[PDB]
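1. The data below comprise the sequence and an experimental structure of the protein.
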Amino acid sequence: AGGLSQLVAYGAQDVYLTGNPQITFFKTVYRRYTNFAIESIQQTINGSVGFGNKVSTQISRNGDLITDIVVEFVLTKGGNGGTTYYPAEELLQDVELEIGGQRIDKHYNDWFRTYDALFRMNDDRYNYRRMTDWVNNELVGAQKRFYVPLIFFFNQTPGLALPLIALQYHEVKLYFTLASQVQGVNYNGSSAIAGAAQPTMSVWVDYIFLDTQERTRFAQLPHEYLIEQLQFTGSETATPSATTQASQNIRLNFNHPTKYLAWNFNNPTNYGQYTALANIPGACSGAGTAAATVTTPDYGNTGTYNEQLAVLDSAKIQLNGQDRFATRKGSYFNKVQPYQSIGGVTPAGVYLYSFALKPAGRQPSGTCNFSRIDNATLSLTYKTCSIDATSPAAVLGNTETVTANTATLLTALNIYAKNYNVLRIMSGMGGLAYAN
Amino acid sequence: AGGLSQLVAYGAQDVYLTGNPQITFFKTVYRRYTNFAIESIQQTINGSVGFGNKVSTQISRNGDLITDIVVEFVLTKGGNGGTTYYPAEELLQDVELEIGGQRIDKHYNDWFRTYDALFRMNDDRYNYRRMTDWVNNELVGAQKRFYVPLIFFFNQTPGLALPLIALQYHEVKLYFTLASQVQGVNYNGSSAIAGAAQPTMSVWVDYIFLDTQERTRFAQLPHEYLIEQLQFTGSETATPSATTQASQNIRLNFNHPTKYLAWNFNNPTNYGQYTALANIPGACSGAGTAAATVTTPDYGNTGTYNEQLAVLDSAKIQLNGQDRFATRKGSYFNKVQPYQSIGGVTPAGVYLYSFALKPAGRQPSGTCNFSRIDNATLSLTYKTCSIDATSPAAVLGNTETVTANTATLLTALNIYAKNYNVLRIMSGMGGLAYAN
Amino acid sequence: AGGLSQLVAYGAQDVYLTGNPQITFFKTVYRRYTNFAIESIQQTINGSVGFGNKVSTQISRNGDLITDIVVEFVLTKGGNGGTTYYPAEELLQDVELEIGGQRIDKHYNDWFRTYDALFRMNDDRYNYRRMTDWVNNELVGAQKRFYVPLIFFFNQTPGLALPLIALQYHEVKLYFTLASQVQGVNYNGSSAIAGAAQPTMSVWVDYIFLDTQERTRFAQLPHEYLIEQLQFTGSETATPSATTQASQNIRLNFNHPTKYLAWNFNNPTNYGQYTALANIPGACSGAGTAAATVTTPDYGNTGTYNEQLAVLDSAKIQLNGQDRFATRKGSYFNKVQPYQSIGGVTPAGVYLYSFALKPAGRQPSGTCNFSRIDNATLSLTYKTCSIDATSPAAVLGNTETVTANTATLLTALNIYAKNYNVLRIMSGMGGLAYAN
Ligand SMILES: *[C@@H]1O[C@H](CO)[C@@H](O[C@@H]2OC[C@@H](O)[C@H](O)[C@H]2O)[C@H](O[C@@H]2O[C@@H](C)[C@@H](O[C@@H]3OC[C@@H](O[C@H]4O[C@@H](C)[C@H](O)[C@@H](O)[C@H]4O[C@@H]4O[C@@H](C)[C@H](O)[C@@H](OC)[C@H]4OC)[C@H](O)[C@H]3O)[C@@H](O[C@H]3O[C@H](C)[C@@H](O)[C@H](O[C@H]4O[C@H](CO)[C@@H](O)[C@H](O)[C@@H]4O)[C@@H]3O)[C@@H]2O[C@H]2O[C@H](CO)[C@H](O)[C@H](O)[C@H]2O)[C@H]1O
Ligand SMILES: *[C@@H]1O[C@H](CO)[C@@H](O[C@@H]2OC[C@@H](O)[C@H](O)[C@H]2O)[C@H](O[C@@H]2O[C@@H](C)[C@@H](O[C@@H]3OC[C@@H](O[C@H]4O[C@@H](C)[C@H](O)[C@@H](O)[C@H]4O[C@@H]4O[C@@H](C)[C@H](O)[C@@H](OC)[C@H]4OC)[C@H](O)[C@H]3O)[C@@H](O[C@H]3O[C@H](C)[C@@H](O)[C@H](O[C@H]4O[C@H](CO)[C@@H](O)[C@H](O)[C@@H]4O)[C@@H]3O)[C@@H]2O[C@H]2O[C@H](CO)[C@H](O)[C@H](O)[C@H]2O)[C@H]1O
Ligand SMILES: *[C@@H]1O[C@H](CO)[C@@H](O[C@@H]2OC[C@@H](O)[C@H](O)[C@H]2O)[C@H](O[C@@H]2O[C@@H](C)[C@@H](O[C@@H]3OC[C@@H](O[C@H]4O[C@@H](C)[C@H](O)[C@@H](O)[C@H]4O[C@@H]4O[C@@H](C)[C@H](O)[C@@H](OC)[C@H]4OC)[C@H](O)[C@H]3O)[C@@H](O[C@H]3O[C@H](C)[C@@H](O)[C@H](O[C@H]4O[C@H](CO)[C@@H](O)[C@H](O)[C@@H]4O)[C@@H]3O)[C@@H]2O[C@H]2O[C@H](CO)[C@H](O)[C@H](O)[C@H]2O)[C@H]1O
Ligand SMILES: *[C@@H]1O[C@H](CO)[C@@H](O[C@@H]2OC[C@@H](O)[C@H](O)[C@H]2O)[C@H](O[C@@H]2O[C@@H](C)[C@@H](O[C@@H]3OC[C@@H](O[C@H]4O[C@@H](C)[C@H](O)[C@@H](O)[C@H]4O[C@@H]4O[C@@H](C)[C@H](O)[C@@H](OC)[C@H]4OC)[C@H](O)[C@H]3O)[C@@H](O[C@H]3O[C@H](C)[C@@H](O)[C@H](O[C@H]4O[C@H](CO)[C@@H](O)[C@H](O)[C@@H]4O)[C@@H]3O)[C@@H]2O[C@H]2O[C@H](CO)[C@H](O)[C@H](O)[C@H]2O)[C@H]1O
Ligand SMILES: *[C@@H]1O[C@H](CO)[C@@H](O[C@@H]2OC[C@@H](O)[C@H](O)[C@H]2O)[C@H](O[C@@H]2O[C@@H](C)[C@@H](O[C@@H]3OC[C@@H](O)[C@H](O)[C@H]3O)[C@@H](O[C@H]3O[C@H](C)[C@@H](O)[C@H](O[C@H]4O[C@H](CO)[C@@H](O)[C@H](O)[C@@H]4O)[C@@H]3O)[C@@H]2O[C@H]2O[C@H](CO)[C@H](O)[C@H](O)[C@H]2O)[C@H]1O
Ligand SMILES: *[C@@H]1O[C@H](CO)[C@@H](O[C@@H]2OC[C@@H](O)[C@H](O)[C@H]2O)[C@H](O[C@@H]2O[C@@H](C)[C@@H](O[C@@H]3OC[C@@H](O)[C@H](O)[C@H]3O)[C@@H](O[C@H]3O[C@H](C)[C@@H](O)[C@H](O[C@H]4O[C@H](CO)[C@@H](O)[C@H](O)[C@@H]4O)[C@@H]3O)[C@@H]2O[C@H]2O[C@H](CO)[C@H](O)[C@H](O)[C@H]2O)[C@H]1O
Ligand SMILES: *[C@@H]1O[C@H](CO)[C@@H](O[C@@H]2OC[C@@H](O)[C@H](O)[C@H]2O)[C@H](O[C@@H]2O[C@@H](C)[C@@H](O[C@@H]3OC[C@@H](O)[C@H](O)[C@H]3O)[C@@H](O[C@H]3O[C@H](C)[C@@H](O)[C@H](O[C@H]4O[C@H](CO)[C@@H](O)[C@H](O)[C@@H]4O)[C@@H]3O)[C@@H]2O[C@H]2O[C@H](CO)[C@H](O)[C@H](O)[C@H]2O)[C@H]1O
Ligand SMILES: *[C@@H]1O[C@H](CO)[C@@H](O)[C@H](O[C@@H]2O[C@@H](C)[C@@H](O)[C@@H](O)[C@@H]2O)[C@H]1O
Ligand SMILES: *[C@@H]1O[C@H](CO)[C@@H](O)[C@H](O[C@@H]2O[C@@H](C)[C@@H](O)[C@@H](O)[C@@H]2O)[C@H]1O
Ligand SMILES: [Hg+2]
Ligand SMILES: [Hg+2]
Ligand SMILES: [Hg+2]
């Protein structure tokens, strides 16, 4: 009886499962690795740290490889609960990676916002907001240290660790640009908060110290790294209307084998606002009360999952004038594309089309070479922004092809592309194999 | 000092870890794959789409392989907040997969509900409810597009992609059956909502386009796929009592190497109701107020994690009259079996017994061949449904072997089995290797 | 058009991705394993089960290997909602694993609490609280069965399953120690609850039944298992102050290659209290009301994510008098170290420093050999516990280096270390390869 009687229940169908076993689940032989050690070492910041300033850092040569890089900020909030929305993330307006004077990659705060909405999830996502925002209903004058982790190719997997020991003739530098106005920190809407303190910044880099043999190999052999890059040519001007369904054809200007496309429609006035403001809880300032105004967001709750507040009705991509795929609704790129390829949840207003089976995986799993496409176009169709945004009965009970009239402020269309490239390192210098 | 001093801290115990390294963590060599392309293409639906109708789809031969399949619905809700519970999931009452006139697999909406409770988790689970339900407190007349993803063997992993190019003489068809009455959409309890609109449906299939060489291999060589199937012989009649602890012996009728058994006790009146209704928040209509009634659920909050509202007291499986394992409580199959083999959280009323180490993994990891077992029996023992369901003090403060008196409505016992089978494809035709 | 036109978009950059494919994503060849069967079998408990008693279990020789071990408790709560905090976890005060009279590992309830805060996440974490606590607002007299899963080396992965068949001359035993006082079960603060019932306990072990060939191999060949151990030498006395920033140097006493260090500052009066109590919602009894008292916690909500209530200001580790790394804030070890190496969220008051790239992975990925370090020291600096804990305006709006004055009760410093060791099994006996 018990488990022993199940072993005897053996048939001809068990041949495909346990005939001539190849593996066993009860004796794992673990692999031996190269000895190493990790150390986070602070960097020297060049320039005056402050709102709207540009500072830079030259990675000091302390170890052999570098992996994680974290930017620490110390901020004091100037409003009460729910008056900030990822202020430390917005403060890092853009960051540029440079090797030997050559730009390797460059990221922007809106990419950080888009990456978080698509590729982070669950408790990891909430821990990221602890690191970049106040999440415990803090009041005016609350001071907190923030940690903004960079997400370049060598920051996301140790298998792509940048070998400083193999770059003795090339300097690795980071160029930071700080935001000028950060909601709930030094500005409240358009009005500056008097006495707002300037931020304090520090850059920390995680170094890998290698053993003698592997140290000789990294310094003497040629290296080829399959890296990822971000492409972003600037915001596009979206033209959603309140009386009809407007349409647009945005000529894409991407290159290289691309893993996926990600885009959003943002109101440039408010950071991370990808949906329309409405008089429903969490969608505007003072929603549900007599102080409600659809002009100002509920800053702490800027994001939403309500598709009714998104602006995109349908979309398709055209490749040299012909449809790459049939037109799908905006909710398809927000719900189904992430469901099929990511496995998390994406707030409304952020859209994805993946050419890869696993876009969040470092291992390539399907790409499209935009360098061989003369004309790639994103054909868009917007909803009719005809719903009264101040009426909860109108917002919570309408049809599929309409949205709130406040959606006309979503005029900044940001389109991102993640591509692959090859970083060759030899003779103490590194350079990208493909420039377009 | 720092990391370099840790490298010198090297001893005899490091032999098992870093002696003669076999791998390294700082130089991943990514694998090269076969070139391909993906495209979601809409299908033609045969039949009249409507409540209680049967429609079918013949997969058009656009590409070489097919992977994901999504069913789109457009529904208009007829109630206010919390009056629907996965209506798009319930609308897809059953779906049958057919190759060359032969049924490969067939799923049911209650399986979709059971699969979601056991094998989805975290934000992925919440995104699935966005795709199949209203989750933003929408009101009467709210229209929304829903996406129901199918979970057949070729829908869950690209490694089992169905080769249409290798099936030139066999037709692949899907047979859908739409539910007649959907709570909060066209019915409110037992009463039909006047003017309810019929649903609109579309079927979308993701095709894989292969390169020349791999296209020749799929069309010329014989293929063998290790696939998974669902077994379900219909609901069993549970007989829980309010005066004593009833017991039952359900003769199982499964075959093939089975990964796991999953079952629930459902009140057939309400979709997804696996637990008893009670006058505690979320467990009945208007709970905690003067309008409370334990006759009607809080439809939007039909599920629960409260074990006190589950009906099963203990259970064991018998194999040819002898115990396959010792009797365990119902909470063991709801909490511990999922904890040990899945790693999520399962609402009360859904139970699991796994023969596999990783039941959610495609790779077989332990099965039981039910084709070699003459008598397999699920021995059940129910709690005494003696608690007053209208008393919060009685429901929130009782013992282990009792439940609410409303648990006597959980009379539909659905037992599911997930088994493996082999799909052989050769000479343009496909067929299963094992029929029993 | 469509997907076929993307295949033709092929360039010279595709050489690194799809030239001479090595793998394919659309034809997975699954591996065949050794036939086995699993069965959970109840053990005999030696001794009188009760609060503050020591009981033991000798693993009966029913199967060939053992994997999961679960301890079942049945408890009756003596308070209302929010008056318990993981009572079943605290009840298992310590558990010791013994093979042939030799201790292999020993765990404590505070380690269970620390492990849960660091290495569990998402729905898995919530399911663990369902198994060890009341989570549905149960009232006085509510009875519930609890399941405490052990987390020894053979409990966390089947690849380290303990071979009882290879230990015919060595006895495997578990030594349990039950807590004396459990909040909300038999005590309310310092006052005993009259009529509190003694707990009932049962131990269940999952056995693996192997096929004939693999059974002969396990019983005849020598085995070497790379296992993990917990190190804990007892609580350290922390000395945080309310008038200045105190500092300490705790001489660590660890050995063997260590994966990570984890520590917390606990008020020994309250289980799992790692942060200061304050008059903000969830941080003290009756917070926000006229019955608020910062002397008693909100037991059901003892944990918090508010860094302002943590006590540690900065920390660094010294190796033979020299800095292993530069000083970082306490929030770095609570937010960034888990973000970089775990990927979940860790409540405030629990800190981590990882020597491994993946500390939660069984496969070694970086260690530090503490057996070769003469002096390892944890240098600590505490915040100034000068904030009025009864003032929400003072707690929700202060600076980085201060905390509530109630933080002076966090006087128990628990430092944990997870190391590797080798378990050799030969001639029917097992023994560890390294003792220090
Ligand atoms: C995003 O979503 C989150 C999750 O839903 C929201 O948090 C929830 O808010 C609702 C709560 O029931 C729930 O507990 C909470 O989780 C979040 O809401 C915003 O942030 C929260 C923290 C609230 O802000 C706090 O609100 C109270 C303020 O305190 C003052 O309150 C007065 C009533 C007192 O008279 C005064 O003395 C202050 O309180 C004292 O100090 C506080 C800190 C102590 O807690 C309190 O003792 C209990 C007193 O100590 C003696 C805080 O300054 C502020 O940080 C939301 O505020 C809404 O909900 C409150 C429960 C309510 O009291 C608020 O009304 C006050 O403020 C509004 C204007 O905001 C005034 O018109 C009103 O007269 C009153 O003064 C208010 O309804 C926050 O939400 C508001 O502000 C947002 C800013 O972007 C946004 O505009 C939003 O729509 C607003 O609702 C969400 O952002
Ligand atoms: C599942 O769990 C969820 C999470 O807990 C629940 O959501 C929460 O509900 C409690 C809220 O505090 C919390 O914010 C929310 O997240 C969910 O509850 C059900 O769905 C929610 C959305 C509520 O439904 C909304 O309730 C308000 C209704 O509006 C009417 O309210 C009247 C009081 C007004 O007079 C009338 O004008 C309407 O409001 C106006 O329109 C709305 C849309 C605007 O928001 C409002 O402005 C603020 C007004 O605009 C001018 C909505 O139609 C409805 O969708 C739950 O309803 C309960 O909680 C409400 C806060 C409360 O107001 C409700 O009372 C009303 O309805 C009950 C009957 O339902 C009447 O007896 C009462 O007189 C009053 O009219 C109610 O207590 C939903 O829960 C209820 O219905 C469920 C149906 O299955 C179920 O029966 C449940 O037990 C009920 O409680 C959970 O389903
Ligand atoms: C679900 O859970 C909720 C808690 O989370 C419950 O609410 C709690 O109920 C207990 C209260 O102590 C607590 O405050 C409350 O939160 C809920 O219980 C049911 O609903 C509550 C609100 C009670 O209903 C009220 O009961 C009184 C009725 O009024 C009549 O009372 C008579 C004594 C008078 O003689 C008669 O004139 C009526 O009063 C008049 O009209 C009302 C509307 C006015 O408010 C009142 O003036 C103040 C009078 O005006 C002249 C109300 O209509 C009704 O809403 C529960 O009722 C139980 O508890 C009451 C305290 C008690 O009085 C009730 O006895 C009455 O009703 C029973 C029949 O139920 C009669 O046989 C009896 O003669 C008497 O008339 C009763 O013990 C409700 O619970 C009952 O009904 C449930 C189904 O609806 C269920 O069947 C339950 O087991 C019953 O106990 C929970 O449902
Ligand atoms: C941890 O975080 C959780 C998530 O926030 C908290 O749960 C939330 O609490 C706030 C709710 O709005 C929310 O719905 C809930 O999720 C949790 O809070 C603690 O646990 C919860 C479940 C509450 O305990 C319940 O509180 C109600 C008690 O019932 C009695 O209430 C009286 C008002 C009635 O007069 C009496 O008849 C009782 O109710 C009856 O029986 C109950 C079970 C029925 O539900 C009710 O019908 C609706 C009646 O049936 C006829 C329960 O015994 C108790 O388990 C929190 O309690 C706070 O919030 C309640 C909403 C409020 O009513 C409570 O006030 C009562 O108790 C306080 C003292 O606790 C008294 O001073 C007051 O006079 C009143 O009697 C209370 O404000 C729990 O929180 C409290 O206790 C904790 C113990 O550690 C802790 O001390 C905390 O700070 C306290 O707030 C969090 O622990
Ligand atoms: C989508 O957005 C649009 C634009 O914001 C919105 O239209 C606005 O509605 C308010 C009205 O003052 C504006 O002129 C109009 O632009 C639309 O609301 C829904 O459709 C509109 C056209 C109205 O419907 C018309 O109502 C009158 C009725 O005779 C006619 O048959 C119908 O087409 C909205 O009705 C609301 O506003 C009316 C002015 C008011 O008279 C209605 O009350 C009647 O009906 C309600 C139930 O719907 C009864 O309870 C009440 O006793 C009375 O008979 C009503 O308040 C309509 O909104 C309503 O219906 C939709 C579903 O179609 C949703 O449930 C809304 O939540 C609900 O308010 C938005 O759908
Ligand atoms: C489980 O479900 C059953 C069936 O629903 C339920 O039993 C019902 O209780 C209500 C009663 O009217 C019904 O006849 C009965 O079927 C049971 O409730 C708990 O057990 C029952 C038997 C009652 O206990 C008996 O109470 C009277 C007491 O003299 C005797 O020693 C005891 O065995 C429930 O007590 C509640 O209902 C009584 C009618 C009432 O008198 C009680 O009040 C007394 O006790 C409370 C504290 O318990 C005091 O605050 C109060 O001043 C007075 O002294 C009480 O309301 C009993 O419920 C109570 O106790 C359990 C734990 O045993 C839980 O805490 C409940 O939440 C609590 O109400 C359910 O457990
Ligand atoms: C951190 O913790 C410490 C110790 O708990 C706390 O200091 C306590 O504050 C209360 C006071 O009674 C105690 O003596 C003191 O130990 C500190 O609070 C913040 O700093 C202290 C020093 C006070 O600031 C001083 O306030 C008076 C002002 O003239 C002077 O310039 C300033 O340095 C706290 O101010 C609060 O308490 C005062 C007694 C009261 O007068 C203040 O009211 C004035 O200011 C508020 C706005 O801040 C106006 O709305 C009001 O009309 C009046 O002008 C105030 O209540 C100070 O707390 C306040 O400011 C901080 C940011 O610096 C946070 O926003 C607080 O939430 C807010 O209350 C803690 O930061
Ligand atoms: C959207 O619909 C709202 C309700 O009718 C309008 O208030 C809003 O108008 C805008 O904001 C108001 C307050 C005014 O400033 C208008 O000039 C402005 O156009 C609509 O956008
Ligand atoms: C469960 O216990 C409840 C409280 O005593 C009963 O109301 C309920 O009875 C059912 O529902 C009521 C409203 C009536 O319709 C009865 O005929 C029915 O049996 C119990 O099931
Ligand atoms: Hg393309
Ligand atoms: Hg079996
Ligand atoms: Hg060390």
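-> Arrived safely. Numbers count the residues shown, from 1 in each chain, chains lettered A, B, ... in the order given. Ligands and ions are numbered 1, 2, ... in the order given.
2. Residue nearest the middle of chain A, spatially speaking?
-> The C-alpha lying nearest the average C-alpha coordinate of chain A belongs to residue A:115 (C-alpha atoms, centre = their mean; 1.5 Å).
3. for it, helix, strand, or coil?
-> Reducing the assignment at residue A:115 to three states with DSSP: H, G, I helix; E, B strand; the rest coil gives helix.
4. Likewise for residue A:273?
-> Under the three-state scheme (three-state DSSP), residue A:273 adopts coil.
5. so what's it closest to, chain neighbours aside?
-> Leaving out its chain neighbours, the residue that sits closest to residue A:273 by C-beta to C-beta, 6 or more residues apart in numbering or on different chains is residue A:267, at 4.6 Å. No exception for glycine: its C-beta is placed from N, CA and C like everyone else's.
6. need the contact list for that neighbour.
-> Residue A:267 is in contact with A:273, A:409, A:410, A:411, A:412, counting by C-beta atoms under 8 Å, 6 or more residues apart in numbering or on different chains.
7. is ligand 1 contacted by stretch A:72-91?
-> Yes - interface with ligand 1: stretch A:72-91 contributes A:80, A:81, A:82, A:83 (C-beta under 6 Å from any ligand atom).
8. Tell me, how many residues neighbour residue A:176?
-> Residue crowding around residue A:176 was assessed by other C-beta atoms under 10 Å in any protein chain shown; the count is 23.
9. Could you verify my assumption that it touches residue A:92?
-> Yes - taking C-beta atoms under 8 Å as the contact criterion, residue A:176 and residue A:92 are neighbours in contact, 6.6 Å apart.
10. Near ligand 6, which residues of chain A? Just list them.
-> When proximity is defined as C-beta under 6 Å from any ligand atom, chain A does not approach ligand 6 at any residue.
11. How about the contacts made by the residue in chain A that ligand 6 sits nearest to?
-> Of all residues in chain A, residue A:137 sits closest to ligand 6, with a separation of 33.2 Å (C-beta to the nearest ligand atom). The neighbours of residue A:137, taking C-beta under 8 Å, 6+ apart as the test, are A:81, A:82, C:280, C:396.
12. how about the last one, what does it touch?
-> Pointing back at residue C:396 there. When contacts are taken as C-beta under 8 Å, 6+ apart, residue C:396 is in contact with A:136, A:137, A:138, A:139, A:142, C:280, C:308.
13. Out of those residues, which are close to ligand 2?
-> Restricting the contacts of residue C:396 to those adjacent to ligand 2 (criterion: C-beta under 6 Å from any ligand atom) removes every one of them.
14. Just the buried ones out of those residues, please.
-> Burial of those was assessed by neighbour count (16 or more other C-beta atoms under 10 Å in any protein chain shown); the buried members are A:136, A:138, A:139, A:142, C:280, C:308.
15. how about a markdown table for these, with secondary structure added?
-> What follows is the buried ones among the contacts of residue C:396, written out as a markdown table (three-state DSSP):
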| residue | secondary structure |
| --- | --- |
| A:136 | coil |
| A:138 | coil |
| A:139 | coil |
| A:142 | coil |
| C:280 | coil |
| C:308 | helix |
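16. ok, these vs chain B, which is closest?
-> Nearest to chain B among the buried ones among the contacts of residue C:396: residue A:136, at 21.7 Å, using C-beta to the nearest C-beta.
17. How many neighbouring residues does the nearest residue to the closest one once chain neighbours are set aside have?
-> Excluding the flanking residues, the one nearest residue A:136 by C-beta to C-beta, 6+ apart is residue C:306, at 4.5 Å. Here the neighbour count serves as a burial measure; for residue C:306 (other C-beta under 10 Å) it reads 25.
18. How about residue A:102?
-> Other residues within reach of residue A:102 by the criterion other C-beta under 10 Å amount to 13.
19. so residue A:33 sits right up against residue B:22, yeah?
-> Yes - Residue A:33 is in contact with residue B:22 according to C-beta under 8 Å; the separation is 7.4 Å.
20. The two: who's more crowded?
-> Here residue A:33 and residue B:22 are compared on neighbour count by other C-beta under 10 Å; more neighbours surround residue A:33, at 20 against 12.
21. The closest residue to ligand 4 within the stretch 201-350 of chain A: neighbour count?
-> Nearest to ligand 4, among the residues of the stretch 201-350 of chain A, is residue A:281, at 16.8 Å (C-beta to the nearest ligand atom). Taking other C-beta under 10 Å as the criterion, the count of residues near residue A:281 is 15.
22. isn't it right up against residue A:287?
-> Yes - between residue A:281 and residue A:287 there is a contact under C-beta under 8 Å: 5.2 Å.
23. residue contacts, the residue of chain A found nearest ligand 3?
-> Distances between chain A and ligand 3 by C-beta to the nearest ligand atom are smallest at residue A:281, namely 24.6 Å. Contact partners of residue A:281, counting by C-beta under 8 Å, 6+ apart, are A:287, A:288.
24. Recalculate using a threshold of 10 Å.
-> Shown here is residue A:281, whose contacts under the criterion C-beta atoms under 10 Å, 6 or more residues apart in numbering or on different chains are A:287, A:288, A:289, A:292, A:298, A:301, A:392, B:136, B:137.
25. and of the residues you listed, the nearest to residue C:10?
-> When the contacts of residue A:281 are ranked by distance to residue C:10 (C-beta to C-beta), residue B:136 comes first, at 44.0 Å.
26. ok, residue A:308 to residue C:94 distance?
-> As judged by C-beta to C-beta, to the nearest Å, residue A:308 and residue C:94 stand 54 Å apart.
27. And the helices in the stretch 201-350 of chain A?
-> For the stretch 201-350 of chain A, the helices identified by DSSP state H, counting those that start in this stretch occupy A:212-220, A:330-331, A:337-341, in order along the chain.
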